[PDB]
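Step one of this worksheet: look at the structure below.
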Amino acid sequence: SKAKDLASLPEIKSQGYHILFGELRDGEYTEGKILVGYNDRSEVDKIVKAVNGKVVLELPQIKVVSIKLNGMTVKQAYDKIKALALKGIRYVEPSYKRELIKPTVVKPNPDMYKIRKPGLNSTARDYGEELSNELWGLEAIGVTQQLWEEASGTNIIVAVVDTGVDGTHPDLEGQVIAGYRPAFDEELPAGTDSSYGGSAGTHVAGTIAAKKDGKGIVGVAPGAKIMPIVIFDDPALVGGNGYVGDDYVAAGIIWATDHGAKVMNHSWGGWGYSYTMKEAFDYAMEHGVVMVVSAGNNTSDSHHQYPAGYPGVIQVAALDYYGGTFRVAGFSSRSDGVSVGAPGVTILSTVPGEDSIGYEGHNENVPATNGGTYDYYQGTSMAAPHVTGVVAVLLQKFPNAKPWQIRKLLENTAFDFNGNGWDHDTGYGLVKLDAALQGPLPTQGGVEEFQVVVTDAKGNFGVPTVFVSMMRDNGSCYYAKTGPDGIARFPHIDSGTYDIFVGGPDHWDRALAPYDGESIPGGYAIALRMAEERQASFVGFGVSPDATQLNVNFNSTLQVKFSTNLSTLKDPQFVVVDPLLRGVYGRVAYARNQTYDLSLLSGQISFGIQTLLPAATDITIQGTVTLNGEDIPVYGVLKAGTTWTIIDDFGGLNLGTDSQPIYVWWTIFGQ
Ligand SMILES: [Ca+2]
């Protein structure tokens, strides 16, 4: 609703907090499209009309609708939405930029993991395939033909979320089942070439499940099946670098989950924290699917934070072997989130053939006799598939395992080659399939879900975009942002003791020119000022199946005092109003130099002044707002001929329009 007169506005109850908008960072997001997380699908139609956009994807499984903007930027769409006063919308965000953590080619190395490594004599690498001698990674993780006799991934479907897979490769015959190309809602028939984005996905597929048939190589889980999900498509068809967008990736993840995938392999990422992607990953894990994600690609590219950074995933580091010891590959991003490391250097696997869609070259010296093409790659993207393969084998033996149990089993059985037990480079060590398969499956060490719920003082409204950091001296740290209901969810994380830090709404909507100057907030963030941020710390908090939730109650103080003499005005009153002018929270006689204490109010408000009779001349009204102890000057101008005005640190600023107003607001949580 809108308003024209302040004195005529009715009294209303707290309206909660502002709509949750995804942070906008130059060069970090795709232009012309918005992803809308909703509760009430009908409310999305109010956004479609406001931006006159077109719905291009509906994902009811996670209540998301993607809207194409048709000649408007994301920022402009936010401007059309920010003052609409929607109630059943969870968030509005762009699709963020993501890149594949690209593997690089390396030359074969006959000495790799040899000489006093781990049994390099008398059929050391006897897997039955002609190229077995070169599969040092299988030897490193403890694979043996005898082990496959017990478990090999039978009936387990593995989703390779990547560039697509050349299912026509001879070493993948019978191994690639029906998949999905979300960009075009196109089903990919079993055994077909879907390598639209290049060679990576095929290399991944071979490491995981190349066929055990005496020829070429063999995967970690030769009994498993590969379900290709194309998220890096042909850039000539989808533009950019081929990334299909956070919305289409979510569609692909949902499709894979709905169609039976029990583990997915991911080696891509970007800086943007996406609520949509969080929802998709959590959807898959809630359905019991394990999500393996490669650790970052390097330092220069401080991106690829997500999806690797979402709590619950199994993050994998790349391991090399030289000088008789395992070691982090180097290009592997160091992070406390790394669970385990796996072979990721000189990994021989399947690549698309010369006339296949995703051909990117091959090593012609590989002595294969099946007419197939192979190449040696290095990278964290070469390590993750080893772990995905190990998970597939484990899921055959422990069909009832929950994702946290699979991750803890891997960490509990990893080979600590460094001797320190755990570190930010390789987590708990080298993944070991043989030790992991022995089990048993852990019954303790993790929780299906831990939540941190942040609300205002009385616990009436959840506070959105509050950062929640779970830190500890050793082990993985976790991070998540609260959603519209104030909840930050942590699925399948470790049980144990953490130091948990919570930080007030995120004030990313700066009001100063990046080039060092003065500006104005767009009104996109929940809070407009650093002074509104609240913090809480809970040291030694114990997370376990008996303590799965932490409730945090924010509080604040707010006082306002005006210094201007308004004796020339008729019955001047100080008014606390809704920023959208939907109504008022209270009116009181104006008193110069009188301090009004609003510390008990919670939510988002604006300040105004009204008079019974119109002002004869312009009058500037000035005051001081003391917010959480910080003094902030405020002012506004009551124009001649008018009976009301707004007062704030920007002079009484409407961030919206006359028709759809949204005045600068003050974010508080009560007491
Ligand atoms: Ca083979």
Side-chain angles (χ1 to χ4, degrees), residues 103 108-110 112-113 124-158 160 162 164-177 179 190-195 199-228 265 342-343 346-354 356 358-359 361-377 382 384-393 396 433:
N109 177 11
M112 201 64 194
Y113 195 47
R125 297 171 191 164
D126 185 36
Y127 310 118
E129 317 295 274
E130 66 198 353
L131 304 179
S132 299
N133 69 293
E134 290 200 284
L135 303 179
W136 79 271
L138 296 184
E139 192 194 339
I141 62 175
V143 169
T144 68
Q145 292 197 64
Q146 190 173 307
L147 184 151
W148 285 327
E149 296 196 67
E150 169 177 21
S152 64
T154 307
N155 303 318
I156 301 307
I157 291 170
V158 176
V160 166
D162 210 287
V165 176
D166 179 1
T168 71
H169 196 295
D171 233 343
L172 296 178
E173 190 279 335
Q175 303 287 272
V176 181
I177 61 174
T192 65
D193 175 14
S194 58
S195 61
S199 66
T202 302
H203 199 273
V204 170
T207 293
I208 293 170
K211 191 187 182 183
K212 191 173 183 304
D213 61 357
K215 306 285 189 172
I217 64 150
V218 56
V220 171
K225 291 296 196 297
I226 301 294
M227 170 186 274
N265 181 271
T346 315
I347 303 305
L348 178 62
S349 193
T350 47
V351 297
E354 294 192 36
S356 289
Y359 185 69
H362 73 286
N363 185 308
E364 65 185 56
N365 298 305
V366 180
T369 63
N370 56 4
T373 45
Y374 299 79
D375 213 343
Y376 303 81
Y377 288 177
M382 269 56 44
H386 285 268
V387 172
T388 294
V390 169
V391 174
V393 177
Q396 175 182 343
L433 209 207

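Every heavy atom of this structure was used, including side-chain atoms; hydrogens, water molecules and symmetry mates were not. Numbering of ligands and ligand atoms starts at 1, following listing order. In this chain, residues are counted from 1 in sequence order.
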**Message:** Test your reading of the model: is there a side-chain donor-acceptor pair from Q175 to the backbone of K225, 3.5 Å cut-off?
**Reply:** no

**Asked** Ignoring hydrogens and geometry, is there a side-chain-to-backbone donor-acceptor pair from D171 to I217 under 3.5 Å?
**Response** yes

**Request:** Would you give the angle at the Ca ion (ligand 1) between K215 atom O and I217 atom O, to the nearest 10°?
**Result:**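 Taking the Ca ion (ligand 1) as the apex, the two atoms subtend 90°.
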
**Request:** Just to the nearest 10 degrees, tell me the angle at the Ca ion (ligand 1) spanned by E129 OE1 and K211 O.
**Result:** 80°

**Prompt:** Taking just the N, O or S atoms of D171, which one is nearest to the Ca ion (ligand 1)?
**Reply:**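 Checking each N, O and S atom of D171, the shortest distance to the Ca ion (ligand 1) belongs to OD1.
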
**Asked** Taking just the N, O or S atoms of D213, which one is nearest to the Ca ion (ligand 1)?
**Response** OD1

**Prompt:** When the ring planes of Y374 and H169 are compared, do they come out parallel, tilted or perpendicular, using 30° and 60° as the limits?
**Reply:**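 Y374 vs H169 ring planes: perpendicular.
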
**Item:** Distance-only polar pair, side chains of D166 and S356, donor-acceptor under 3.5 Å
**Value:**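 Side chains of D166 and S356: pair found under 3.5 Å.
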
**Prompt:** Side-chain donor-acceptor pair under 3.5 Å between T373 and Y359, yes or no?
**Reply:** no

**Presence of N, O or S from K212 under 3.0 Å of the Ca ion (ligand 1)** = no

